[PDB]
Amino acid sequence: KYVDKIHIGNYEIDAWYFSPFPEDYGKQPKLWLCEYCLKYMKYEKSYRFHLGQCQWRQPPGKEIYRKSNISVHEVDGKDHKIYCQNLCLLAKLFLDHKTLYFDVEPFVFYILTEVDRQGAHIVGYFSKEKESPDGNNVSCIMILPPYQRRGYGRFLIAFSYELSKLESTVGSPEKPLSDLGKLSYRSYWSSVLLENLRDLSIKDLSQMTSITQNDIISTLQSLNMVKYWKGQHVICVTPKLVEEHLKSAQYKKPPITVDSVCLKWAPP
């Protein structure tokens, strides 16, 4: 029997996938998780006692982004091993393709939280390899179900690319992406490139956005905005065609913006 249900904060959440919590934890009808330190527990009573005792009111690591009540914490896998292991076990409940949960030292984790009077409440995260040979600026990215499709995933996607910009590099999320992950990345890519085309070669768009040329090309192909000439993809769009796409339905929800002014981060 596997963990099939968790209590975290004020949410009960059904699992989507197997995650390798220890066997005696999976046998319980429900797993209880401290929303601040991510300690997982077998019983409501041990959960209630921990809450009265736990002094954490936010993730560990350093707050590298804060605007109003939106906050991002950078957490090194080597400095906060247990925390990051528990984060990975949590994420695996909602990610089919994640495979790494206990060797967290090669990773840095970026925790998105939403703050109120009580503390900084975890929304989701993405992990990133400290040294990515394949040029991946995201290893795994996960939004907890009650926060999905509400702008938090787009924020985190945009955030990963702001780091890539500061690193003077391009990057792409590690594949395979989840079903909702694909739609989210394609929508973010379209929004960003269409906005830049409204306000340029494919190499220019890549340097301005840190989106890889392949991801730019595949996105422009889905928008039918690229011509092919003698082995080279070429951007072929009229300023009116861009506006037609942009005012369409799906680009109407107001995003949580990444304000680079509020991002306190220096590249390694």
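In this text, residue numbers run from 1 along the sequence as written.
J.: Per the entry, how many residues of the deposited chain go unmodelled between residue 199 and residue 200: none, 1 to 3, 4 to 9, or 10 or more?
T.: According to the record, 4 to 9 deposited residues lack coordinates from residue 199 to residue 200.
J.: In the PDB record, does 56 to 64 or 230 to 238 carry the higher mean Cα temperature factor?
T.: Higher mean C-alpha B-factor in the PDB entry: 230 to 238.
J.: Could you settle it for me: does 99 to 107 or 112 to 120 have the higher average Cα B factor in the PDB entry?
T.: Going by the record's values, the stretch with the higher mean is 99 to 107.
J.: Considering only 44, 215, 35, 204, which residue's Cα atom bears the greatest B-factor as recorded?
T.: Comparing C-alpha B-factors across 44, 215, 35, 204, the top value belongs to 204.
J.: How does residue 25 rank on Cα B-factor within its chain, lowest, middle or highest third?
T.: Highest third, going by the recorded CA B-factors of the chain.
J.: Looking at the C-alpha B-factor of residue 187, is it in the lowest, middle or highest third of its chain?
T.: Its C-alpha B-factor belongs to the lowest third of this chain's values.
J.: Could you say whether, by C-alpha temperature factor, residue 180 belongs to the lowest, middle or highest third of its chain?
T.: As the PDB entry reports it, the C-alpha B-factor of residue 180 lands in the middle third of its chain.
J.: Would you mind ranking residue 135 by its C-alpha B-factor against the rest of the chain and naming the third, lowest, middle or highest?
T.: Highest third.
J.: Using only modelled residues of the chain, where does the Cα B factor of residue 78 rank: lowest third, middle third or highest third?
T.: Highest third, going by the recorded CA B-factors of the chain.
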